[PDB]
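Let's start with one chain on its own, the form deposited in one PDB entry, as structure tokens.
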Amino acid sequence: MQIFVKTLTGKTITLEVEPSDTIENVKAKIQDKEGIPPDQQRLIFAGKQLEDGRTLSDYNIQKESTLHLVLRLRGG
């Protein structure tokens, strides 16, 4: 299924995922395609921060949903 990940710079990335995928997996797909390290990624859907060990189905994320990506950098 296609999902959209909207970043804070107005770029939206499309990913192909399955509801059975874990949040950790999603973060790895985002690293693979845009280069952002998983440790800097904070994923938000329906006002909940997504946790690594849960699956997309846990959160009831359906096709064509949009997740928000906030970056948390280490150092500033």
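Shifts are known only where both forms have a C-alpha. Start at 1 and count along the sequence shown; that's the residue number. C-alpha atoms forming the largest set that superposes within 1.5 Å between two forms make up the rigid core.
According to the PDB record, 5-13 carries the higher mean C-alpha B-factor of the two stretches 5-13 and 63-71.
As recorded in the entry, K33 carries the highest CA temperature factor of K48, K33, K27, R42.
One more form of this protein, solved in complex with a partner chain, exists but is not displayed; see below.
Residues present in both forms were compared between the shown form and the other one after fitting on the core; the only consecutive run of three or more with every C-alpha moved by 2 angstroms or more is 8-10.
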